[PDB]
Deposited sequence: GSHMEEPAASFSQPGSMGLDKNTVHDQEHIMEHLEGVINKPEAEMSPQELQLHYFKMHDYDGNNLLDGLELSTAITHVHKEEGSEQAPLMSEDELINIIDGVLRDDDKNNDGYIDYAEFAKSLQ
């Protein structure tokens, strides 16, 4: 979960299209991050987990599918330093904290 992976505008801008269409290229770093947290929580539990993040970083947008070991390593590195309550989930408290 690098900073530039979440602080890019075109991905989220083409992502919210279909239900909400407000083109505005003056978003704060805490705005597009919030949108990123909102749309990737598919279960509607206002919470991010390993599967949702794994589908986030792979996605459907050509490039070869990533290695299972590499995906496991990167998601374990993400969950190791970001999760604070050791719940297996990632909240926006932990997400914005790191």
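Not built in the structure, per the record, are deposited positions 1-18, 80-85, 123-124.
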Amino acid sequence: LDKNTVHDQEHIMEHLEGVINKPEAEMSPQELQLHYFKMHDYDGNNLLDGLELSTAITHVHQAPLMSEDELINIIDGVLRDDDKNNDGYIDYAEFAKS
From here on, numbers count along this sequence of modelled residues.
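Rigid core: the largest C-alpha set superposing within 1.5 Å between the two forms.
Farther from the shown form on average, by C-alpha root mean square after a core fit in 4 other deposited structures of this protein, is 23-31, of the stretches 23-31 and 67-75.
Superposing the other copies on the rigid core and comparing 13-21 to 80-88, farther C-alpha placement in 4 other deposited structures of this protein marks 13-21.
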